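*Asks:* Below you'll find the structure I mean.
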Amino acid sequence: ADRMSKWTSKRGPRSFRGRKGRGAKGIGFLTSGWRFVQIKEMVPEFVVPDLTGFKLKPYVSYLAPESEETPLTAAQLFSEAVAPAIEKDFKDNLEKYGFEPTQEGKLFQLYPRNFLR
Amino acid sequence: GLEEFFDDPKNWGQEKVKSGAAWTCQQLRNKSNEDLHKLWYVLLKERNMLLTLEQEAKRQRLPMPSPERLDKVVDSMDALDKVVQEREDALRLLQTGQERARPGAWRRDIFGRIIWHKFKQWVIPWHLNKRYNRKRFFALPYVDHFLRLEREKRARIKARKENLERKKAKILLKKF
Amino acid sequence: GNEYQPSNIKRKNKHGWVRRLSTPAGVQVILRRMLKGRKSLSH
Amino acid sequence: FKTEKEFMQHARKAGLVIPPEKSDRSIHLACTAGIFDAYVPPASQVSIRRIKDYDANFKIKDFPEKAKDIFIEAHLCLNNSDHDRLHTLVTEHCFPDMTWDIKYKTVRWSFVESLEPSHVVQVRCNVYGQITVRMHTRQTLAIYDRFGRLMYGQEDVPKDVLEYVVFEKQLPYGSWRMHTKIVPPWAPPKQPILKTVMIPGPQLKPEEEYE
Amino acid sequence: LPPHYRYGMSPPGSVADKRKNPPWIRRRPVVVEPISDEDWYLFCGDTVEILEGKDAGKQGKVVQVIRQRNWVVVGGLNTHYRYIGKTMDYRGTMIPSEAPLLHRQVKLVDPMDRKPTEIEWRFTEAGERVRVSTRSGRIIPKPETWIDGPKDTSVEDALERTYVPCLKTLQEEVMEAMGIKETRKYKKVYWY
Amino acid sequence: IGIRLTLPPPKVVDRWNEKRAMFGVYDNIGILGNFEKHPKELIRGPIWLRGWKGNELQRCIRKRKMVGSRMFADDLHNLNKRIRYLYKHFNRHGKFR
Amino acid sequence: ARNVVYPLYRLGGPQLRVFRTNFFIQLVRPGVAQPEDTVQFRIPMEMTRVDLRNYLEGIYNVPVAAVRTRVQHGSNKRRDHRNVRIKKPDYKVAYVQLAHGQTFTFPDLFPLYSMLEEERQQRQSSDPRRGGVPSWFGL
RNA sequence: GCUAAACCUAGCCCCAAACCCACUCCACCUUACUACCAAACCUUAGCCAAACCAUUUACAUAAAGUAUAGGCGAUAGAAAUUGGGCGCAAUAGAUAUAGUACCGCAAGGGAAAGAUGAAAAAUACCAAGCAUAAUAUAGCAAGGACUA
RNA sequence: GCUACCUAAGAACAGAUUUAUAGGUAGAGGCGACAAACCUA
RNA sequence: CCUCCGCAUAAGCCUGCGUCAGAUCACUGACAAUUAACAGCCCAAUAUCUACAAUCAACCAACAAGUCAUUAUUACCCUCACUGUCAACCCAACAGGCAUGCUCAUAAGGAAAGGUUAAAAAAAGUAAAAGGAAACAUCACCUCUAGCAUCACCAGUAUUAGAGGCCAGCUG
Ligand SMILES: [Mg+2]
Ligand SMILES: [Mg+2]
Ligand SMILES: [Mg+2]
Ligand SMILES: [Mg+2]
Ligand SMILES: [Mg+2]
Ligand SMILES: [Mg+2]
Ligand SMILES: [Mg+2]
Ligand SMILES: [Mg+2]
Ligand SMILES: [Mg+2]
Ligand SMILES: [Mg+2]
Ligand SMILES: [Mg+2]
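If you're matching them up, the sequences are chains V, X, D, A, H, W and E in order. For reference, each letter of the first sequence is one residue, going 15 to 106, 113 to 137 in UniProt numbering. Taking UniProt numbering, the leading residue of the second sequence gets 63, the next gets one more, and so forth. Taking UniProt numbering, the leading residue of the third sequence gets 50, the next gets one more, and so forth. For reference, each letter of the fourth sequence is one residue, going 50 to 91, 117 to 199, 207 to 252, 255 to 294 in UniProt numbering. For reference, each letter of the fifth sequence is one residue, going 15 to 158, 169 to 216 in UniProt numbering. Taking UniProt numbering, the leading residue of the sixth sequence gets 32, the next gets one more, and so forth. For reference, each letter of the seventh sequence is one residue, going 2 to 112, 126 to 153 in UniProt numbering.
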């Protein structure tokens, strides 16, 4: 008879409690005989680097200076990333310089995303 | 191993731990993407350390040794994640020109109001998606009266706030 | 007074958001709850 | 409770986690927890230099005269209960120890002429000057009650008082104020009291005995 | 913190505050006058002079600035006396606690004249804005080590510009650097 | 005991305020400024009662026809019900007829 | 990661890979008696059993062998001053059995007052023989 | 002398002016708050007035309550043309401290209440009701009185 | 979500039975082994 | 001394006699718990198959006629996730109700009496001399209507369908 309480998975009859879950993601699918097939590719692999010899600790010493916030606009990233190659190849087909018109052939597409985070 | 959930065993019970500053954003904009990946896992393991130390602090009914470095680690994870999103966004503006990573459209539900609808991934196209076509992104004409009623409720709240600000200003000029 | 004999299937099927939005009159029920200001528009 | 350990153990057993929070303002004390060097009564020009380098207009040959007027005037502030002058005349280690038990009763202290000249005894030393003075006076007391009936001392009759009064100065706007009053262990007992006292023995629960 | 929360001498989240301002009180809010952020000119550590009440004329030092009530705690001045450490049967100790001061009641002090001077925010060639007194053109300045632990970056490693700005993703660059090679091509889904 | 124990804070009234010292100016702008404005064009207020006096039913009728198209929805509804009530009251109820 | 849209997998597609992990983790002490090789965590709600296995394997190099999770309902039975229910948040609990015969025991974490304490030693409570008379005076 | 009393200021109301809102991330029409598979419009009616009821019955200024209509009765009714506060101040003012608590299966109904001070890093006297202080022949409880 | 009838697929101890679950019928209506009964006191 | 109760699942409820602490016939705050094998959560198409109840299923015995099934070709190779899991509990009342499986007096669950006295009246129980009462529905029947098919009647067809009527004995 509650309305204020959140409708969680703990709350219905058996048929209700089995369907609704928490925010977990589906990993595979059910098959006949209710047999869950887990798909290896849907499980996220945590790509975790090697931390050996790595010189960045979680905190910064207080002796480091203060700097000014300059967010990375696309004009800046165009300037440093693209602008020397265009100044060099103009003093002497835009896809040469790191541009792609489409990205349907691309693995990590930027719009809409296919990578995670 | 599991001893990476706990800090240096010399610090246990010392009730004060000298920790450095947090990472600000401009210190992190000088780091490469591989280095921000690795720093994400440094701060990640440190954050799990501090969260075990909080939950054991509440368990033993004791106060934290230094609760500030949890704020610093959340501060640095926030700054680092914001830097990585800045580089994804600027590259998205160059390569495609979009502003949202996820597509959507301004739609207008049963309730008349205009909503940014975030698109979901599907396999089948929308016209034979049986559940998508039960959603109504149109408002019928019995809703426009309630749109007018809602409009006027917001205009009442705004008028009350603005008038009340002027009354406070008059009290300030009578007092000073 | 034991007129209320509870179940969640009858509660969601009777008064839930899906049955409220299934008709135009129920959509007007939701809109009046949204305009009175209420915290629960439905079950 | 009775201490801080009892409250923190009760706050640990209860679950009251009180976080020690960092505040930039602290307590700006103007006193000392007691005496720097306990003058035990029957070469300290070091501390006289360490006073004159801050104050620079300070004659000890005039000070037990001043220490008389800091003493006597402070005691007359008990005759009226004028606490706002006492905070100029007396330190805050000394203010409760002279005004707390005297509350809700009238005192009628008075001074009459000293037997001896008052003379300074020793001087010691963010910086706290501390000067102990010997005074050998004749004073009169009458401590009354809430009901105005005498509970200590005949009002007319002067009594001879030894007073090893310790003064203290902050070393910007402060001055010399009475900090404490040493009473030596050889000193005779004070005036007896007009009333009688019962002093209880051990309250015995039934399981124990008196032995 | 609720609306019309009353500020006080205690910090806004301490234990004494939660004794004084529990979440269900509603009190008459203090009509403080609006001092803009550009126009607040008393800082923690300024030697000031008290104009009204007890300790008038005395020159102290600002310890805490409670800016929401236009307050100045001159440390060591404007004192009353409170006990602390009062147990069940010990009367505590007498301590000179400090009552705050409104910014109207306090003026600043020239460091060469030691006088109560009006302060205007003039501008300078060297610094865009700094305080300047009125009875003289004198700049009264704004007043007031570390060993690293095992988990601090030194200033050297914290400031190495290791970032070569390129047109690759963090994802693509980590896939190249970690040596992960992905042969399966991604298959186009519908978004709606 | 609904009576106050301490007498209230004093009512400081400035009779030589800007508004009080200049009250009433330009009430005779018609009769000694060559009739170029009427004094009813000096009053500020609701647009349906600048220079008009009526009883309540007439203020409601005039409010409805002069501003009623841009009134809020339930204010317009309350006002139509007030005209409907005040109609049924002035016209059918009373002592003198 | 959590609060992230996952990309849809179609059959034959690439491996789903997470490069910066959004969800944290905290290992708590067991509130009951548990076996020697079981380590109890507080997983956040969206973290599955498989994500936790690969999470501890990748990041912490812990040889995880079994994982069993229970979702804990926090109480919605405590109210404000406003008679409005506060909910203590629900949380998922991971019970991890470590491999290779290893064994985890939760470590023993957590093994101006001069002025106050130096007047608490000079208290000098009143003599009962003094009968209430203030002993400040030299008479 | 307990219970209590008091208290100004949250906010609100009426104008004027001005045309408002609405994508951190995620989820939200399936059992809303759930990552993912094969169709909209169609006279308002009645209450009430006519002392019943049955046709009928209102939804800038000026012409003008004029022409008209009308069981020619109740009543309805043109047009040409003309041109900030002598507000409220906590039973008030908003229902609002909140569309919450609570009540209802649901639509829906819908509360109550706060007051220190500059600093809390300073802990009086007055409603009814009683109590101090039970009662003494006899009676709308008073009045004339009276040394009482 | 009571109650009246019905439906689906059940159960129990002998039926014109009792019953759990989910669905249907709605007020100018419904429903009725018709009491002008009942239809969330 | 009671036990016509219990224990589990279902539905419901949603942390509601766990530990620590505290205030209050004599709840608040902190912390901790319920771990999946049981139970939910299923199924690749396109065609095509599915006359012979259950009842110990055997005879018998029936009518009201019944609760259970594949094959052909094509596609198909990964695998154990997610959710429920606590309690002294729900709907009411300020008496009652509640589905199912086991146990059929219990191995499980509990306590009718705050203390006293033993007045009246009232309630309940036991004993008592002698006497021994001092209308609708519906089988069946009749009447009327209806010659017919894809949403009731009805996947029915006038043997149908619908509407009507009918003494002795004991006992406060
Ligand atoms: Mg489970
Ligand atoms: Mg009539
Ligand atoms: Mg006209
Ligand atoms: Mg009100
Ligand atoms: Mg109200
Ligand atoms: Mg009274
Ligand atoms: Mg199973
Ligand atoms: Mg169980
Ligand atoms: Mg038992
Ligand atoms: Mg009894
Ligand atoms: Mg008998």
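C-beta atoms are modelled at their ideal positions from N, C-alpha and C, and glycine is treated no differently.
1) In the structure shown, what three-state DSSP assignment does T101 of chain H receive?
2) For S192 of chain A versus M216 of chain A, is the C-beta distance shorter than 8 Å?
3) Hey, is the region 64 to 76 of chain H in contact with the region 62 to 70 of chain D, meaning 3+ C-beta pairs nearer than 8 Å?
4) Let me know the secondary structure DSSP gives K232 of chain X once reduced to three states.
5) Is there at least one Cβ from chain H nearer than 8 Å to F20 of chain E's Cβ?
6) Could you give the DSSP three-state label for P130 of chain H: helix, strand or coil?
7) Does DSSP put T162 of chain A in a helix, in a strand, or in coil?
8) Identify which residue in H:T148, H:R81 and H:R143 has its Cα closest to the Cα of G22 of chain H.
9) With a 10 Å radius around its C-beta and 16 neighbouring C-beta atoms as the bar for buried, classify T93 of chain H as buried or exposed.
10) Do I60 of chain E and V57 of chain V have their beta-carbon atoms positioned less than 8 Å apart in this structure?
11) Run the Cβ filter for me: residues under 7 Å from any heavy atom of ligand 1, listed in the order they occur in the chain.
12) In the DSSP output, what is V87 of chain H paired with across the bridge?
13) Would you please verify whether the beta carbon of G35 of chain V is less than 8 Å from any beta carbon of chain D?
14) I want to see whether chain H comes within less than 8 Å of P58 of chain V, judged by CB atoms only; does it?
15) Are the C-beta of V185 of chain X and some C-beta of chain V separated by less than 8 Å?
16) Strictly by DSSP, which residues pair up with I224 of chain A?
17) Can you tell me whether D81 of chain E is buried or exposed, with buried defined as 16 or more other CB within 10 angstroms of its CB?
18) Tell me the DSSP secondary structure of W188 of chain X in three-state form.
19) What are the boundary residues of the alpha helix (DSSP H) that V205 of chain X is part of?
20) On the DSSP bridge assignment, give the partners of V96 of chain V in chain order.
21) Determine, using beta carbons only, whether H101 of chain E comes closer than 8 Å to chain H.
22) First and last residue of the alpha helix (DSSP H) that includes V40 of chain E?
23) Using 8 Å as the limit for Cβ to Cβ distance, is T158 of chain X near chain V?
24) Quick one: grab the DSSP three-state call for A95 of chain E.
25) Just by C-beta distance, which residues in the region 41 to 66 of chain E are closer than 8 Å to chain X?
26) If we cut at 8 Å on Cβ distances, does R133 of chain V have a partner in chain D?
27) Our contact map puts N153 of chain A next to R182 of chain A with C-beta atoms below 8 Å; I'd like the distance itself, whole angstroms only.
28) In chain order, what are the residue ranges of uninterrupted alpha helix (DSSP H) at least 4 long that sit wholly in the region 21 to 82 of chain E?
29) Against chain X, with Cβ distances strictly below 8 Å, would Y216 of chain H count as a contact?
30) Using the beta-carbon of each residue, which ones in chain E are nearer than 8 Å to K192 of chain H?
31) Quick one: what's got a C-beta closer than 7 Å to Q119 of chain A's C-beta in the same chain, skipping five residues either side?
32) So the beta strand (DSSP E) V195 of chain A belongs to, where does it begin and stop?
33) Measuring straight from C-alpha to C-alpha, what distance separates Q88 of chain X and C190 of chain H?
34) Taking C-beta pairs closer than 8 Å, name the residues in chain W that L211 of chain X reaches, listed in chain order.
*Replies:* Let's see:
1) coil
2) Yes, they are a contact pair.
3) no
4) DSSP places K232 of chain X in helix when its eight states are reduced to three.
5) yes
6) Reduced to three states, the DSSP call for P130 of chain H is strand.
7) helix
8) When only C-alpha atoms are compared, the closest one is H:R81.
9) buried
10) no
11) E:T70 and E:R71
12) H:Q78
13) no
14) For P58 of chain V, not one C-beta of chain H is nearer than 8 Å to its own C-beta.
15) no
16) A:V181 and A:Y233
17) exposed
18) Of the three classes helix, strand and coil, the one that applies to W188 of chain X here is helix, per DSSP.
19) Where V205 of chain X is concerned, there is no enclosing alpha helix (DSSP H), given that its DSSP letter is neither H nor E.
20) Note: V96 of chain V sits in no beta bridge, so no partner.
21) no
22) Not the alpha helix (DSSP H): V40 of chain E falls in the beta strand (DSSP E), residues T39 to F42.
23) yes
24) strand
25) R43, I60, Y61, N62 and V63
26) no
27) 6 Å
28) 50 to 61
29) yes
30) Those within 8 Å of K192 of chain H in chain E number zero; the least Cβ separation is about 13 Å.
31) none
32) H193 to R198
33) 18 Å
34) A104 and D105
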